[PDB]
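Just below is one structure, and these are the notes that go with it.
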Amino acid sequence: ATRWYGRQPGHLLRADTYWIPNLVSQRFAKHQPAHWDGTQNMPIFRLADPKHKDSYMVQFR
Amino acid sequence: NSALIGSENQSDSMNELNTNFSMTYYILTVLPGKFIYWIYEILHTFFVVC
Amino acid sequence: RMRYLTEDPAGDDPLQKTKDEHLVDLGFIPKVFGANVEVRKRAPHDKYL
Amino acid sequence: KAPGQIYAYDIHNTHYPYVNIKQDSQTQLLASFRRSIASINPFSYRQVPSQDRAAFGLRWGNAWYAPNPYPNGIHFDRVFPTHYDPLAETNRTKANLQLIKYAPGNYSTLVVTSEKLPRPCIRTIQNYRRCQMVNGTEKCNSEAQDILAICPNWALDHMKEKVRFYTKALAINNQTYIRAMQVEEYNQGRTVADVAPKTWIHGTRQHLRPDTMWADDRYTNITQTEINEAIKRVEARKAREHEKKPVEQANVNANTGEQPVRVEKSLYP
Amino acid sequence: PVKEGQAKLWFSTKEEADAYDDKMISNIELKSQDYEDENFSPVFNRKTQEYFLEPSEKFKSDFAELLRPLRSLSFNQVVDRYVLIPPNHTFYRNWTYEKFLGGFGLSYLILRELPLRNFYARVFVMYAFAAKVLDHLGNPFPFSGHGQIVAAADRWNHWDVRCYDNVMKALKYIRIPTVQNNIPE
Amino acid sequence: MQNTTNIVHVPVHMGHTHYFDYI
Amino acid sequence: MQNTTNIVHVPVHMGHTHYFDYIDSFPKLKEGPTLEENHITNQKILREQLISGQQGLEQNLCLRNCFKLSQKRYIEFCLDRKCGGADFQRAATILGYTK
Amino acid sequence: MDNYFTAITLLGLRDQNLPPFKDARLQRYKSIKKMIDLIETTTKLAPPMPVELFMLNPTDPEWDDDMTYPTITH
Amino acid sequence: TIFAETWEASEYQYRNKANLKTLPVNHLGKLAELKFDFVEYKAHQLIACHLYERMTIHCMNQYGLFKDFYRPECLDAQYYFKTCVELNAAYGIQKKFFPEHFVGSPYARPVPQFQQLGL
Amino acid sequence: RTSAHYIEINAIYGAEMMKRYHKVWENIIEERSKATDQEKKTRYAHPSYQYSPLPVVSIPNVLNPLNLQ
Amino acid sequence: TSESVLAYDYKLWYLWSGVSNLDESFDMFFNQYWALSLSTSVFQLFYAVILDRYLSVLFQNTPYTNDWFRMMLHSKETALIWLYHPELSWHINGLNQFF
Amino acid sequence: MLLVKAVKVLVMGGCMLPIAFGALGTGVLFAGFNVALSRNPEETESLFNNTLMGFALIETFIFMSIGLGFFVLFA
Amino acid sequence: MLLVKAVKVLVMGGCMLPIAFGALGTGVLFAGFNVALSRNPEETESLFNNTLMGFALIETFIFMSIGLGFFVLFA
Amino acid sequence: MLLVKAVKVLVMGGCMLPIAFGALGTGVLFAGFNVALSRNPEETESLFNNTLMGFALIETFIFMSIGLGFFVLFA
Amino acid sequence: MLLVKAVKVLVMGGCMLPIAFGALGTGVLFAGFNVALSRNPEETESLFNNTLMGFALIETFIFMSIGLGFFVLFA
Amino acid sequence: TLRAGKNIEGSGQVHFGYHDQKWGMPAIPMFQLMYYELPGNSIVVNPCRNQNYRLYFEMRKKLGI
Ligand SMILES: CCCCCCCCCCCCCCCCCC(=O)OC[C@H](COP(=O)([O-])OCC(O)COP(=O)([O-])OC[C@@H](COC(=O)CCCCCCCCCCCCCCCCC)OC(=O)CCCCCCCCCCCCCCCCC)OC(=O)CCCCCCCCCCCCCCCCC
Ligand SMILES: CCCCCCCCCCCCCCCCCC(=O)OC[C@H](COP(=O)([O-])OCC(O)COP(=O)([O-])OC[C@@H](COC(=O)CCCCCCCCCCCCCCCCC)OC(=O)CCCCCCCCCCCCCCCCC)OC(=O)CCCCCCCCCCCCCCCCC
Ligand SMILES: CCCCCCCCCCCCCCCCCC(=O)OC[C@H](COP(=O)([O-])OCC(O)COP(=O)([O-])OC[C@@H](COC(=O)CCCCCCCCCCCCCCCCC)OC(=O)CCCCCCCCCCCCCCCCC)OC(=O)CCCCCCCCCCCCCCCCC
Ligand SMILES: CCCCCCCCCCCCCCCCCC(=O)OC[C@H](COP(=O)([O-])OCC(O)COP(=O)([O-])OC[C@@H](COC(=O)CCCCCCCCCCCCCCCCC)OC(=O)CCCCCCCCCCCCCCCCC)OC(=O)CCCCCCCCCCCCCCCCC
Ligand SMILES: CCCCCCCC/C=C/CCCCCCCC(=O)OC[C@H](COP(=O)(O)OCCN)OC(=O)CCCCCCC/C=C/CCCCCCCC
């Protein structure tokens, strides 16, 4: 149960100046309003999981 | 581990049969060639960047 | 949904669960069931993820 | 009282066959020259073992030979994910400390083994079985208790699990028996008398033509005209077979948030 | 037209067979090598004869050559010849390796006397000779590892330790760890 | 038993990119 | 769980000594006869067995070797073929396997 | 993939070649399913023979000596 | 027994035991190591352990069994074939009598019936 | 450890007995060749089996597929 | 333990490659009966069943079926007997199951 | 199969490209030798030797190309 | 599949282009060497050495091409 | 797929074109170095230095193509 | 679709053509410098700066080509 | 221990968790007098093995050797 709860991915901010591709790309990104759908888990950012397509550059140790 | 002194990494290919299909006299033929290419990569790098 | 449906193998320690040999000696003879091979795991609505 | 020789010695008739796997001219020429002087060469090493003298294995140049280990995708990463594919290269590259560690058993196979129960526990079983076939089961309680007392508990757990496994294997072999002895719709009412006097050879390529057009010279004299005529005949039969087609079934794996069924994959993407 | 041969079909009625021929004949794509032909293919010309992998005579002759010394013998002679070799455990079987690997030392005693004048020239010779040794020894440092020698597999491998069971388990078996990660009880 | 072992019940596709492992 | 964990079924007494940990005694341990006493005791059994227990021995050994077989049908065959037509239950009483 | 040689033989790969199309090729694999269950069952009907025929019983008290191999340390 | 050319890699992996081996598909790259000419149909290369068998025959026909077959391209095919049929025989038996050992089996981690939950 | 006596004595025993099984194995195959299809399918058969003849086919009687003795 | 250690040592590897006719690791039965099954014969299917049962024997490396203890039809000495008596695969599978 | 064979023979034809370049390079080399000789004819033997040597290096490429040509045509 | 093999064996033929250019470059180099020698024969040994040196650089490309060729032909 | 790869490897063959021109430019470079040396041999070392310097800028273009070649062959 | 992409990659190979002419134009440039240098070495500095300067403009076009190369390949 | 079927996370014998540690013998005379390392050459085969030679002497006399 503790392992299963631990895999439900947490929320990780998209803002990233440490990876130079995002330091360039995020300057041309458009912040659009995220309209609330009635939940508390809206993944409007990336997820803190090593296998996420927007977090694979992050080292989880 | 063949380059380590008193290795304790026994599970890292130390207790296994490790053969190859390369040229024998390894430190005379293969390993020098690996350093020959190393010298090229660094000389080519210096010329380009400089 | 994928991490909701991401389990680990072997579950928990069986030796920390109630024994069948002990229930018999306590007065309750357990009944043996079969595996439920027809149910498919699915994730709940997004609000519960 | 001569030393004993193995069967391989009578095949080659020598202990010094200079067998080198490296196929380079420098290596094979030296081997042919060494294979000839092996009788009067002090620098001779055996590759055929015997009772009196061991022998070396196959040579790879100056080193020794061993086949490439059977491809195994199991590996362990060190610095970064290497995504090792054992089918991408012919020979397996050496494992570097900072790159990869390969699985254990470069040259290993999968077998089934069994722990050998203790000698004193075996003797209690021999006494019970012996007292059983002589005096019957009802007069073997003391011998049965000696098993439960002397045999360590791990041995009794093995003995308990053996009976549960063979009970499982028994049902699996009997289920296979049922599916095997099941009479299909195409063999109803047929017995050994309806069998034809044919053997295995009567179903081979020489007697039974395979389902290919160029297995023999059957269609070698076919002209294009005969083909166009055949296309017209098969289309005529399709005026009676195409009338029916299976109906489309509902998709069981429509929901992506549900454990999908491992349905047979389509022949083509 | 259809040609007949020794290999026959598997249809009882002649209509099912004729339907099979018309079926196969309707899928034939002729590829001719001659110009001015309605079905002409310079390249991608399909063959009309199927290839079948079969063991040749050189294949069957060498396998029969492996059994030559047995055809002249009876089963009793085979057993008494190659199976029931009288036990004699007095031989120094490992002399084969002592001679081979001991040669590096004897060769060094001769090679260390090379009349090459230049000291750095003999450095190259010993470096080359060391490369020959390290193909077997592997690690040049002391108290680090072991050499690697591939030896022939015979019935006398580990003959004097066959009685020990723990030596067999250590050499032969790679046990698979389980979720309850413990050595077998 | 490998510590980083997971049993997934839905299909995933892993990228075959050098130096990275992800879905 | 602790790696150096053992479950013992018989009593043991541990030494309460500094820098050492061991079993110094077993409760209610009786010292039997010495090796020299059991030796003499056994010599008397082997001597009488050497003088008075060697006649009619070849037959009993054949019965014992027959009863070490796996299946009963082979035991009966061993007795009828090697022991001169002996009976199963009659031989089991000679060897002492009958109740 | 057990019963390899048996399956390869029933498919005819010893004398002919499989059809080059998946549809007929995959149907031919599923066709030997009945025969494998039969040939597997035939192999489980062998009658027993004395185990004390080519093999001495290791549980005999004779082998309780636990004798070692004497060697010469050349 | 496998009645197809393809098998799911996970269906032959252990769920409650460490995975130290896989059951890979035939190594087609070894077929291009044969220097001599040979005829091989693509319809026979995916079925388990057969490609290594045909390669062994091709090598035993071009070369023999003495001093010419002892080359790396031909001995690895003989070793792969001898090893493929040994593992597949063991995995096949383990699949027949120990199906609960593998991933994908419903008995590896049995799902309880609703009557066992007490609702 | 297992007895070194057993390992070496059993290796000789097994081979010495295989030589005697080869001879018995020959007399059985010989005596079975002179047996009718009815006998070789009813003898040692299960009691519940009802014999039904098969079509006569030509099947050679080769002792050793390899040309061995 | 603490014993005498050498600075340099050689480790032998008695590899069972199965592809070398120079040593006793060569499986003569498998190669002969395999090559035999390649040729068209009336027993072409029977030889396949014999080989599949031979592989089920190698799969059983028990104390009663192994080369280490020199068991018949499992050790290197007795590899030639398979060429003469391949019928004994069933006798073994039952023997290993009995013990 | 048949296509690659057609490509083999085609490459074998391209081998005549250095043969063409060798012709021009030859006329050029001897053109300088004639002029260079008029500048200092006293040492004709020297220039003459260096001239032929260059030609030897020219045919070196020729044999190489033809060599590689037959290889891919048969290997 | 088969088509990639065809373009590969063809590219291998393309390596004969530097083999052709290297020939013309050799003719030009020795052409100037002759004229250069007649201008100042007092340093024939110097010019001669530098002459061969340049040719050695010409074969560098030759070896670079054939090397790249067999690679692309097998990789 | 393979067809697109076929034209990629096809392009990879095109990389041998600068390898060819680099040889001719090399022959031309050393040709001028020889004649230039004869007219003023007092500064041999100076000319020699600039000679090898140019041959480097040649390979600069050469390696560049090989880079572009392998890149587009895999990118 | 598949045809156009095959042409895009093809054009990407064509960009290696200037890389070839740049090599020849380079060797020719330094070939002349050595001659121009041996003619009047007192003014080496001026010749030298103009030498490397021209080279810059030369590979400038070469870099410019690669731009158009990747452009059509991705635009 | 790994070959025997026990997978190993981490390394060494400095057990982070709930296990007893055994540091190396302190290289001082106090501990060098109380302790000494286990000499493997002192682990022997029981001499009772030599009593099996009694069978050889009896068989030789039975065969008249
Ligand atoms: C009346 C007369 C009575 C007396 C008669 C006596 C007659 C004697 C007959 C002898 C018969 C043959 C002897 C056989 C025993 C050989 C024992 C041995 O150790 O060899 C192992 C050696 C290694 O093979 P291996 O260990 O068995 O492994 C098998 C494969 O190699 C495995 O395949 P692999 O690919 O894995 O292996 C890689 C391969 C790697 O590939 C190679 O082979 C490397 C070689 C590449 C270089 C080749 C060019 C060499 C030429 C240089 C000199 C040229 C000068 C002129 C040039 C002019 C140009 C126009 O091999 C190596 O690794 C080689 C490493 C060891 C050699 C390198 C170190 C050499 C030391 C040189 C020091 C020289 C100083 C002077 C000392 C001389 C006396 C000691 O085998 C040989 O090399 C055989 C040698 C055959 C002789 C070749 C002739 C050489 C000519 C020399 C010219 C200068 C002298 C001329 C004198 C003229 C006199 C008239
Ligand atoms: C610095 C320098 C650097 C060096 C640069 C080097 C650059 C090298 C460039 C090389 C790459 C491009 C070459 C592509 C070759 C593809 C065509 C081919 O080879 O013929 C196959 C082609 C197909 O074989 P088939 O005999 O028709 O098959 C009959 C079966 O019934 C068919 O039925 P099936 O059931 O057996 O199916 C077989 C299956 C097998 O499929 C495959 O295995 C591969 C198929 C790949 C097809 C990819 C299609 C992509 C769609 C492209 C759409 C546009 C195509 C038309 C526009 C092309 C121009 C952009 O399907 C096909 O065969 C598809 C082929 C369909 C025909 C494709 C159109 C032919 C090309 C058109 C131009 C030909 C003449 C040009 C004139 C040259 C004069 C100098 O052959 C022909 O159709 C007849 C014409 C053969 C060529 C003429 C021979 C006379 C001599 C010509 C001399 C020149 C020879 C070449 C050397 C040139 C040097 C000057
Ligand atoms: C009357 C005047 C004389 C007129 C006669 C003239 C004709 C003379 C020649 C004919 C007579 C020779 C007598 C011996 C019969 C040999 C016949 C034969 O076929 O041998 C070929 C023999 C074997 O060929 P092989 O199969 O390739 O084995 C060598 C492999 O390297 C092996 O590699 P591996 O990995 O396979 O195995 C490792 C190997 C160890 O192998 C190595 O590690 C050595 C590797 C070489 C160094 C590494 C660099 C190699 C670089 C490559 C190029 C080397 C070129 C060398 C060319 C030399 C040409 C001869 O260890 C072993 O396998 C066993 C070694 C243990 C043997 C113990 C010694 C027994 C010999 C008898 C002892 C009594 C003789 C007198 C004692 C010596 C004098 C004080 O080839 C060699 O001899 C190799 C050269 C070794 C040096 C020997 C020099 C001895 C010269 C003595 C001359 C006579 C005394 C002079 C007295 C002066 C006053 C009069
Ligand atoms: C200023 C620099 C400061 C920095 C220092 C460095 C600091 C960093 C350290 C880094 C450590 C690196 C780690 C290496 C990993 C491997 C370690 C390992 O596995 O060792 C296991 C091994 C296990 O042995 P153990 O646990 O110590 O003892 C139990 C064994 O069972 C016992 O073995 P056993 O059963 O085979 O033999 C028992 C015994 C039985 O025999 C006896 O009891 C009789 C004793 C008679 C001895 C006579 C010797 C033979 C002489 C013949 C000449 C005639 C003698 C006439 C008199 C005899 C009268 C009867 O026989 C012996 O053991 C003889 C021992 C010889 C002692 C001679 C030297 C005396 C002390 C020297 C102290 C100065 C050097 C230390 C550095 C000082 C720095 C300030 O320990 C060793 O290391 C053995 C010694 C090897 C040490 C070298 C370690 C580094 C490896 C590379 C060095 C290569 C050596 C050559 C270098 C160049 C020299 C010029
Ligand atoms: C090396 C020491 C020499 C001097 C020593 C003097 C002290 C002598 C004290 C000896 C006491 C006796 C103790 C017992 C010795 C046991 C020897 C031993 O174990 O090995 C014997 C064993 C006999 O072989 P098997 O048939 O397998 O065994 C049958 C057993 N009946 O001998 C061997 O291993 C063969 C090798 C012996 C050593 C060889 C010497 C090596 C030197 C080689 C150079 C000689 C010249 C070579 C020229 C070659 C020309 C072609």
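All residue names refer to the structure tokens as shown: chains lettered A, B, ... in order, residues numbered from 1 in each chain, ligands numbered from 1 in order.
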* Asked: If you count only C-alpha atoms and all ligand atoms, which residues end up within 6 Å of ligand 4, as a ChimeraX atom specification?
  -> /B:5-6 /E:142-143 /K:2-5
* May I ask you to write as a list in words all residues lying at most 7 Å from ligand 3, with only C-alpha atoms and all ligand atoms counted? =>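 Those within range of ligand 3 are residues 30, 34, 37, 40, 41, 42, 43, 44, 45 and 62 of chain D; 99, 100, 101, 102, 103, 104, 106, 107, 110, 111, 125, 128, 129 and 132 of chain E.
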Generate the output file for the selected residues, N, CA and C atoms, as a PDB file, in the first residue's frame.
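After the write, out.pdb holds the following:
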ATOM      1  N   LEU D  30      50.445 -21.200 -39.409  1.00  0.00           N
ATOM      2  CA  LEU D  30      51.220 -21.621 -38.248  1.00  0.00           C
ATOM      3  C   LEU D  30      50.639 -22.883 -37.627  1.00  0.00           C
ATOM      4  N   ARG D  34      52.502 -26.283 -37.176  1.00  0.00           N
ATOM      5  CA  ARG D  34      52.602 -26.850 -35.839  1.00  0.00           C
ATOM      6  C   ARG D  34      51.942 -28.217 -35.760  1.00  0.00           C
ATOM      7  N   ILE D  37      54.695 -30.944 -36.820  1.00  0.00           N
ATOM      8  CA  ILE D  37      55.857 -31.176 -35.974  1.00  0.00           C
ATOM      9  C   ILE D  37      55.464 -31.463 -34.531  1.00  0.00           C
ATOM     10  N   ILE D  40      57.663 -33.986 -32.489  1.00  0.00           N
ATOM     11  CA  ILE D  40      59.035 -33.695 -32.088  1.00  0.00           C
ATOM     12  C   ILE D  40      59.171 -32.222 -31.725  1.00  0.00           C
ATOM     13  N   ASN D  41      58.071 -31.603 -31.303  1.00  0.00           N
ATOM     14  CA  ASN D  41      58.074 -30.205 -30.902  1.00  0.00           C
ATOM     15  C   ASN D  41      57.903 -30.114 -29.395  1.00  0.00           C
ATOM     16  N   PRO D  42      58.868 -29.566 -28.653  1.00  0.00           N
ATOM     17  CA  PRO D  42      58.668 -29.427 -27.206  1.00  0.00           C
ATOM     18  C   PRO D  42      57.553 -28.465 -26.851  1.00  0.00           C
ATOM     19  N   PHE D  43      57.273 -27.488 -27.704  1.00  0.00           N
ATOM     20  CA  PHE D  43      56.213 -26.514 -27.461  1.00  0.00           C
ATOM     21  C   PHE D  43      54.881 -27.005 -28.012  1.00  0.00           C
ATOM     22  N   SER D  44      54.502 -28.221 -27.640  1.00  0.00           N
ATOM     23  CA  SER D  44      53.264 -28.836 -28.096  1.00  0.00           C
ATOM     24  C   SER D  44      52.302 -28.960 -26.927  1.00  0.00           C
ATOM     25  N   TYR D  45      51.046 -28.598 -27.163  1.00  0.00           N
ATOM     26  CA  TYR D  45      50.006 -28.678 -26.154  1.00  0.00           C
ATOM     27  C   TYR D  45      48.841 -29.491 -26.690  1.00  0.00           C
ATOM     28  N   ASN D  62      46.188 -16.322 -30.029  1.00  0.00           N
ATOM     29  CA  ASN D  62      46.982 -16.597 -28.844  1.00  0.00           C
ATOM     30  C   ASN D  62      46.124 -16.808 -27.606  1.00  0.00           C
TER      31      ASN D  62
ATOM     32  N   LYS E  99      53.468 -27.463 -18.013  1.00  0.00           N
ATOM     33  CA  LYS E  99      54.403 -27.316 -19.120  1.00  0.00           C
ATOM     34  C   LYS E  99      54.081 -26.077 -19.945  1.00  0.00           C
ATOM     35  N   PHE E 100      52.804 -25.876 -20.262  1.00  0.00           N
ATOM     36  CA  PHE E 100      52.398 -24.743 -21.083  1.00  0.00           C
ATOM     37  C   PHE E 100      52.666 -23.424 -20.371  1.00  0.00           C
ATOM     38  N   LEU E 101      52.071 -23.240 -19.193  1.00  0.00           N
ATOM     39  CA  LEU E 101      52.187 -21.963 -18.503  1.00  0.00           C
ATOM     40  C   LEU E 101      53.572 -21.774 -17.900  1.00  0.00           C
ATOM     41  N   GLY E 102      54.224 -22.862 -17.496  1.00  0.00           N
ATOM     42  CA  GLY E 102      55.601 -22.779 -17.050  1.00  0.00           C
ATOM     43  C   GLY E 102      56.564 -22.367 -18.141  1.00  0.00           C
ATOM     44  N   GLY E 103      56.142 -22.454 -19.402  1.00  0.00           N
ATOM     45  CA  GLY E 103      57.000 -22.040 -20.494  1.00  0.00           C
ATOM     46  C   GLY E 103      57.231 -20.547 -20.546  1.00  0.00           C
ATOM     47  N   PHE E 104      56.257 -19.761 -20.086  1.00  0.00           N
ATOM     48  CA  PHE E 104      56.447 -18.318 -20.039  1.00  0.00           C
ATOM     49  C   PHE E 104      57.662 -17.960 -19.199  1.00  0.00           C
ATOM     50  N   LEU E 106      60.315 -20.102 -18.466  1.00  0.00           N
ATOM     51  CA  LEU E 106      61.490 -20.598 -19.170  1.00  0.00           C
ATOM     52  C   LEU E 106      61.797 -19.739 -20.387  1.00  0.00           C
ATOM     53  N   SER E 107      60.764 -19.323 -21.116  1.00  0.00           N
ATOM     54  CA  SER E 107      60.979 -18.434 -22.246  1.00  0.00           C
ATOM     55  C   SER E 107      61.527 -17.091 -21.794  1.00  0.00           C
ATOM     56  N   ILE E 110      65.282 -17.179 -21.309  1.00  0.00           N
ATOM     57  CA  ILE E 110      66.008 -17.090 -22.567  1.00  0.00           C
ATOM     58  C   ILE E 110      65.876 -15.697 -23.162  1.00  0.00           C
ATOM     59  N   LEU E 111      64.681 -15.113 -23.078  1.00  0.00           N
ATOM     60  CA  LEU E 111      64.425 -13.835 -23.725  1.00  0.00           C
ATOM     61  C   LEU E 111      65.095 -12.678 -22.998  1.00  0.00           C
ATOM     62  N   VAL E 125      60.306  -5.544 -26.773  1.00  0.00           N
ATOM     63  CA  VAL E 125      60.234  -6.999 -26.863  1.00  0.00           C
ATOM     64  C   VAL E 125      59.519  -7.578 -25.650  1.00  0.00           C
ATOM     65  N   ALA E 128      55.903  -6.836 -25.793  1.00  0.00           N
ATOM     66  CA  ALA E 128      55.239  -7.785 -26.678  1.00  0.00           C
ATOM     67  C   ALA E 128      55.091  -9.144 -26.013  1.00  0.00           C
ATOM     68  N   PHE E 129      56.130  -9.596 -25.313  1.00  0.00           N
ATOM     69  CA  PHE E 129      56.053 -10.873 -24.615  1.00  0.00           C
ATOM     70  C   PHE E 129      55.045 -10.821 -23.476  1.00  0.00           C
ATOM     71  N   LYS E 132      51.593 -11.354 -24.731  1.00  0.00           N
ATOM     72  CA  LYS E 132      51.284 -12.765 -24.919  1.00  0.00           C
ATOM     73  C   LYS E 132      50.823 -13.406 -23.618  1.00  0.00           C
TER      74      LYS E 132
END
Could you give me chain O least-squares fitted onto chain M (all C-alpha atoms, paired in order), as a short mmCIF file (atom, residue, chain, number, x, y, z; two decimals) with C-alpha atoms, in the first residue's frame?
data_model
loop_
_atom_site.label_atom_id
_atom_site.label_comp_id
_atom_site.auth_asym_id
_atom_site.auth_seq_id
_atom_site.Cartn_x
_atom_site.Cartn_y
_atom_site.Cartn_z
CA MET O 1 16.27 -4.03 -49.26
CA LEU O 2 17.33 -4.75 -52.84
CA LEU O 3 17.21 -1.01 -53.54
CA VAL O 4 19.45 0.01 -50.64
CA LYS O 5 22.03 -2.66 -51.45
CA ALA O 6 22.09 -1.39 -55.04
CA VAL O 7 22.80 2.10 -53.69
CA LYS O 8 25.49 0.83 -51.31
CA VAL O 9 27.39 -0.77 -54.20
CA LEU O 10 26.76 2.40 -56.20
CA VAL O 11 28.41 4.61 -53.57
CA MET O 12 31.29 2.15 -53.56
CA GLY O 13 31.83 3.16 -57.18
CA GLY O 14 31.80 6.85 -56.30
CA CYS O 15 34.97 6.29 -54.28
CA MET O 16 36.80 5.96 -57.60
CA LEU O 17 36.23 9.69 -58.19
CA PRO O 18 39.10 10.91 -55.95
CA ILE O 19 41.23 8.22 -57.59
CA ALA O 20 40.74 10.28 -60.75
CA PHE O 21 41.46 13.67 -59.18
CA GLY O 22 44.47 12.13 -57.45
CA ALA O 23 45.92 11.23 -60.84
CA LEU O 24 45.48 14.76 -62.17
CA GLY O 25 46.76 16.31 -58.95
CA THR O 26 49.74 13.97 -59.23
CA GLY O 27 50.67 14.80 -62.82
CA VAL O 28 50.22 18.48 -62.03
CA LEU O 29 52.45 18.11 -58.98
CA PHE O 30 55.31 16.50 -60.89
CA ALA O 31 54.70 18.85 -63.82
CA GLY O 32 55.43 21.74 -61.47
CA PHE O 33 58.39 19.95 -59.90
CA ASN O 34 60.11 19.66 -63.27
CA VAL O 35 59.57 23.39 -63.80
CA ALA O 36 60.58 24.22 -60.23
CA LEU O 37 63.57 21.92 -60.68
CA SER O 38 64.73 23.47 -63.96
CA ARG O 39 64.44 26.87 -62.27
CA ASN O 40 66.87 26.06 -59.44
CA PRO O 41 68.43 22.58 -59.57
CA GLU O 42 70.96 23.33 -56.82
CA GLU O 43 68.20 22.78 -54.24
CA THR O 44 66.86 19.57 -55.81
CA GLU O 45 66.83 17.60 -52.55
CA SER O 46 64.50 20.04 -50.80
CA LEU O 47 62.09 20.21 -53.74
CA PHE O 48 62.16 16.42 -54.08
CA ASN O 49 61.27 15.62 -50.46
CA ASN O 50 58.42 18.13 -50.54
CA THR O 51 57.28 16.64 -53.86
CA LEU O 52 56.87 13.07 -52.62
CA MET O 53 55.58 14.32 -49.27
CA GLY O 54 52.62 16.08 -50.87
CA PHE O 55 51.91 12.96 -52.92
CA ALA O 56 51.64 10.95 -49.71
CA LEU O 57 48.96 13.27 -48.32
CA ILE O 58 47.22 13.07 -51.70
CA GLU O 59 46.72 9.30 -51.85
CA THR O 60 46.05 9.44 -48.10
CA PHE O 61 42.66 10.99 -48.86
CA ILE O 62 42.28 8.39 -51.61
CA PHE O 63 42.81 5.57 -49.12
CA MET O 64 40.51 7.40 -46.71
CA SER O 65 37.75 7.33 -49.34
CA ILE O 66 37.97 3.55 -49.81
CA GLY O 67 37.42 3.27 -46.07
CA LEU O 68 34.11 5.13 -46.21
CA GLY O 69 33.35 3.11 -49.34
CA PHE O 70 33.57 -0.29 -47.68
CA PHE O 71 32.02 1.13 -44.51
CA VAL O 72 28.62 1.97 -46.02
CA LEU O 73 28.84 -1.16 -48.17
CA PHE O 74 29.13 -3.20 -44.95
CA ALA O 75 28.01 -0.74 -42.24
#
* With only C-alpha atoms and all ligand atoms counted, collect every polymer residue having an atom within 10 Å of ligand 1; state the result as a PyMOL selection string. => (chain B and resi 21-30) or (chain D and resi 20-31+33-34+43+59-63) or (chain E and resi 107+111+114-116+121-122+124-129+131-132)
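You can rank P:5, P:24, P:12, P:47 by their closest distance to chain H using only C-alpha atoms, and at the top of that list sits P:47.
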* Grab me every residue within 7 Å of ligand 5, counting only C-alpha atoms and all ligand atoms, and send it over as a count of residues only. => 12
* **Distance of CA of residue 78 in chain G from CA of residue 56 in chain G, expressed in Å to one decimal place** =>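 These atoms are spaced 18.5 Å apart.
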* **Distance query residue 54 in chain P at most 12 Å, only C-alpha atoms, self and fewer than 6 positions along chain excluded, as a VMD selection string** => (chain H and resid 65 67) or (chain P and resid 48 60 to 61)
* Asked: Neighbours of range 10-22 of chain I within 8 Å (only C-alpha atoms; same-chain residues fewer than 3 positions away dropped), as a count of residues only?
  -> 21
* Write out as an NGL selection string all residues of chain G that DSSP puts in helix (DSSP H, G or I) for this structure's backbone. => :G and (35-52 or 57-66 or 72-82 or 88-95)
